[PDB]
file input.pdb (PDB, C-alpha atoms)
MODEL        1
ATOM      1  CA  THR T 251       0.000   0.000   0.000
ATOM      2  CA  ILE T 252       0.753   3.624  -0.758
ATOM      3  CA  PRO T 253       1.225   6.124   2.054
ATOM      4  CA  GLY T 254      -1.329   8.969   1.682
ATOM      5  CA  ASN T 255       0.423  11.642   3.809
ATOM      6  CA  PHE T 256       3.806  12.366   5.298
ATOM      7  CA  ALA T 257       3.113  10.712   8.683
ATOM      8  CA  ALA T 258       2.034   7.485   6.930
ATOM      9  CA  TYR T 259       5.268   7.510   4.887
ATOM     10  CA  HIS T 260       7.165   7.990   8.172
ATOM     11  CA  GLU T 261       5.448   5.026   9.805
ATOM     12  CA  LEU T 262       6.583   2.782   6.900
ATOM     13  CA  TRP T 263      10.029   4.301   7.196
ATOM     14  CA  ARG T 264      10.118   3.608  10.935
ATOM     15  CA  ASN T 265       9.318  -0.083  10.414
ATOM     16  CA  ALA T 266      12.105  -0.329   7.830
ATOM     17  CA  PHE T 267      14.531   1.487  10.018
ATOM     18  CA  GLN T 268      14.017  -0.728  13.025
ATOM     19  CA  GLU T 269      14.385  -3.818  10.853
ATOM     20  CA  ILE T 270      17.650  -2.420   9.530
ATOM     21  CA  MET T 271      19.055  -1.480  12.950
ATOM     22  CA  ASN T 272      18.172  -4.928  14.316
ATOM     23  CA  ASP T 273      20.235  -6.555  11.541
ATOM     24  CA  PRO T 274      22.725  -8.975  13.114
ATOM     25  CA  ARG T 275      25.441  -7.608  10.769
ATOM     26  CA  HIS T 276      25.710  -4.508  12.954
ATOM     27  CA  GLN T 277      27.224  -6.524  15.816
ATOM     28  CA  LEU T 278      25.785  -4.027  18.322
ATOM     29  CA  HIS T 279      25.075  -4.908  21.880
ATOM     30  CA  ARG T 280      23.014  -3.061  24.465
ATOM     31  CA  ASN T 281      26.179  -2.396  26.514
ATOM     32  CA  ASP T 282      28.167  -1.034  23.622
ATOM     33  CA  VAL T 283      29.344   2.505  24.161
ATOM     34  CA  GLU T 284      26.825   5.037  22.969
ATOM     35  CA  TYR T 285      29.163   6.452  20.314
ATOM     36  CA  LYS T 286      29.217   3.091  18.592
ATOM     37  CA  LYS T 287      25.393   3.000  18.478
ATOM     38  CA  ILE T 288      25.059   6.601  17.235
ATOM     39  CA  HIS T 289      27.640   5.982  14.544
ATOM     40  CA  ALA T 290      25.919   2.839  13.219
ATOM     41  CA  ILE T 291      22.636   4.749  13.113
ATOM     42  CA  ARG T 292      24.369   7.657  11.416
ATOM     43  CA  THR T 293      25.737   5.303   8.770
ATOM     44  CA  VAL T 294      22.324   3.895   8.004
ATOM     45  CA  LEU T 295      20.672   7.334   7.869
ATOM     46  CA  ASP T 296      23.405   8.657   5.605
ATOM     47  CA  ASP T 297      22.915   5.691   3.262
ATOM     48  CA  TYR T 298      19.190   6.566   3.230
ATOM     49  CA  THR T 299      19.878  10.133   2.083
ATOM     50  CA  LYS T 300      22.119   8.839  -0.729
ATOM     51  CA  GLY T 301      19.560   6.518  -2.344
ATOM     52  CA  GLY T 302      19.704   3.587   0.070
ATOM     53  CA  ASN T 303      22.034   1.362  -1.899
ATOM     54  CA  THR T 304      23.897  -0.197   1.005
ATOM     55  CA  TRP T 305      21.335  -0.865   3.760
ATOM     56  CA  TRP T 306      17.916  -0.055   2.286
ATOM     57  CA  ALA T 307      17.753  -2.251  -0.887
ATOM     58  CA  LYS T 308      15.012  -4.473   0.580
ATOM     59  CA  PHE T 309      12.870  -1.322   0.928
ATOM     60  CA  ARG T 310      13.803   0.267  -2.423
ATOM     61  CA  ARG T 311      10.097   0.858  -3.011
ATOM     62  CA  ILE T 312       9.957   3.709  -0.470
ATOM     63  CA  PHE T 313      12.338   5.881  -2.526
ATOM     64  CA  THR T 314       9.746   6.173  -5.302
ATOM     65  CA  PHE T 315       7.005   7.489  -2.980
ATOM     66  CA  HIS T 316       6.098  11.183  -3.237
ATOM     67  CA  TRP T 317       7.011  11.821   0.393
ATOM     68  CA  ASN T 318      10.516  10.468   0.072
ATOM     69  CA  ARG T 319      12.046  13.682  -1.105
ATOM     70  CA  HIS T 320      11.026  15.758   1.867
ATOM     71  CA  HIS T 321      11.597  12.862   4.287
ATOM     72  CA  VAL T 322      15.163  12.491   3.016
ATOM     73  CA  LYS T 323      15.605  16.285   3.519
ATOM     74  CA  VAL T 324      14.542  15.922   7.199
ATOM     75  CA  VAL T 325      16.804  12.862   7.776
ATOM     76  CA  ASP T 326      19.666  14.777   6.163
ATOM     77  CA  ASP T 327      19.119  17.577   8.733
ATOM     78  CA  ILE T 328      19.198  14.937  11.490
ATOM     79  CA  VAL T 329      22.518  13.539  10.178
ATOM     80  CA  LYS T 330      23.835  17.062  10.360
ATOM     81  CA  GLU T 331      22.604  17.272  13.968
ATOM     82  CA  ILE T 332      24.590  14.109  14.681
ATOM     83  CA  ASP T 333      27.659  15.650  13.078
ATOM     84  CA  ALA T 334      27.197  18.747  15.170
ATOM     85  CA  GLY T 335      27.358  16.641  18.319
ATOM     86  CA  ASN T 336      23.737  17.080  19.469
ATOM     87  CA  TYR T 337      23.290  13.433  20.560
ATOM     88  CA  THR T 338      25.142  11.769  23.415
ATOM     89  CA  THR T 339      22.805   8.743  23.588
ATOM     90  CA  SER T 340      21.342   6.587  20.888
ATOM     91  CA  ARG T 341      18.048   6.735  22.803
ATOM     92  CA  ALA T 342      17.747  10.485  22.198
ATOM     93  CA  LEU T 343      18.663  10.049  18.541
ATOM     94  CA  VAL T 344      15.971   7.461  18.018
ATOM     95  CA  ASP T 345      13.388   9.656  19.809
ATOM     96  CA  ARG T 346      14.271  12.386  17.319
ATOM     97  CA  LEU T 347      13.721   9.935  14.446
ATOM     98  CA  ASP T 348      10.544   8.645  15.972
ATOM     99  CA  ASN T 349       8.977  12.072  16.202
ATOM    100  CA  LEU T 350      10.266  13.758  13.038
ATOM    101  CA  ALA T 351       6.865  13.797  11.357
ATOM    102  CA  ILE T 352       4.902  15.615  14.027
ATOM    103  CA  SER T 353       4.495  19.332  14.325
ATOM    104  CA  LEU T 354       2.946  21.939  16.570
ATOM    105  CA  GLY T 355      -0.057  24.028  15.563
ATOM    106  CA  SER T 356      -2.327  23.398  12.603
ATOM    107  CA  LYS T 357      -2.536  24.311   8.970
ATOM    108  CA  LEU T 358      -2.266  27.948   8.062
ATOM    109  CA  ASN T 359      -4.917  29.360   5.685
ATOM    110  CA  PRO T 360      -2.903  29.852   2.457
ATOM    111  CA  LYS T 361      -5.691  32.121   1.129
ATOM    112  CA  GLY T 362      -6.426  35.720   2.207
ATOM    113  CA  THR T 363      -9.480  36.293   4.417
ATOM    114  CA  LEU T 364     -10.736  39.731   3.283
ATOM    115  CA  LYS T 365     -13.908  38.311   1.738
ATOM    116  CA  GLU T 366     -14.651  36.381   4.928
ATOM    117  CA  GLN T 367     -14.073  39.460   7.122
ATOM    118  CA  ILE T 368     -16.506  41.710   5.275
ATOM    119  CA  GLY T 369     -19.986  40.745   6.534
ATOM    120  CA  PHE T 370     -21.945  41.554   3.402
ATOM    121  CA  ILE T 371     -19.667  39.603   0.973
TER
ENDMDL
END

call {"tool": "encode", "arguments": {"input": "input.pdb", "output": "structure tokens"}}
result
Amino acid sequence: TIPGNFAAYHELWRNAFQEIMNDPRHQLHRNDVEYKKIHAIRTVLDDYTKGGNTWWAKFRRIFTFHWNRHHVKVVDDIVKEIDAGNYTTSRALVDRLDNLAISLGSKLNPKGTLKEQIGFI
């Protein structure tokens, strides 16, 4: 099935991402130092923003979806946040990923409202 909004694309992405990070080829353990976890996640996210050829081939279908372009832009900003040293635990990094599709407020009226604000129109 085809995700019909950005949050639905992100849910599919989340399911992929956890499958990828749980791959035994990462050789990560719960008691690994946090830097090692963050770096493995960074690697996988970077691969995602470059077309997904190393870690995301099984999910190649998601790169054709409409939402991919903007989702890749957001994940690219997160990779930059990693590079800038914003994450000291992998737990915080995955909370960021978890919640990247939500936002505060609600849709702005893209149209002007002059005709609504004049009573007789």

call {"tool": "resolve_selection", "arguments": {"input": "input.pdb", "expression": "the PyMOL selection byres ((chain T and resi 302) around 12)", "output": "number ranges by chain"}}
result
T: 266-267, 270, 293-301, 303-314, 318, 322

call {"tool": "resolve_selection", "arguments": {"input": "input.pdb", "expression": "the PyMOL selection byres ((chain T and resi 351-366) around 7)", "output": "list in words"}}
result
residues 256, 257, 260, 349, 350, 367, 368 and 371 of chain T

call {"tool": "closest_residue", "arguments": {"input": "input.pdb", "among": "T:265, T:251, T:277, T:283", "to": "residue 339 of chain T", "atoms": "only C-alpha atoms"}}
result
T:283

call {"tool": "resolve_selection", "arguments": {"input": "input.pdb", "expression": "the PyMOL selection byres ((chain T and resi 288-290) around 10)", "output": "list in words"}}
result
residues 271, 276, 277, 278, 283, 284, 285, 286, 287, 291, 292, 293, 294, 295, 296, 332, 333, 337, 338, 339, 340, 341, 342, 343 and 344 of chain T

call {"tool": "atom_distance", "arguments": {"input": "input.pdb", "atom1": "atom CA of residue 264 of chain T", "atom2": "atom CA of residue 321 of chain T"}}
result
11.5 Å

call {"tool": "closest_residue", "arguments": {"input": "input.pdb", "among": "T:325, T:317, T:334, T:269", "to": "residue 346 of chain T", "atoms": "only C-alpha atoms"}}
result
T:325

call {"tool": "axis_aligned_box", "arguments": {"input": "input.pdb", "around": "segment 257-261 of chain T", "padding_each_side": "6 Å", "output": "lines of an AutoDock Vina configuration file"}}
result
center_x = 4.6
center_y = 7.9
center_z = 7.3
size_x = 17.1
size_y = 17.7
size_z = 16.9

call {"tool": "atom_distance", "arguments": {"input": "input.pdb", "atom1": "atom CA of residue 275 of chain T", "atom2": "atom CA of residue 330 of chain T"}}
result
24.7 Å

call {"tool": "atom_distance", "arguments": {"input": "input.pdb", "atom1": "atom CA of residue 262 of chain T", "atom2": "atom CA of residue 326 of chain T"}}
result
17.8 Å

call {"tool": "closest_residue", "arguments": {"input": "input.pdb", "among": "T:347, T:281, T:255, T:336", "to": "residue 324 of chain T", "atoms": "only C-alpha atoms"}}
result
T:347

call {"tool": "closest_residue", "arguments": {"input": "input.pdb", "among": "T:348, T:369, T:316, T:323", "to": "residue 254 of chain T", "atoms": "all atoms listed in the file"}}
result
T:316
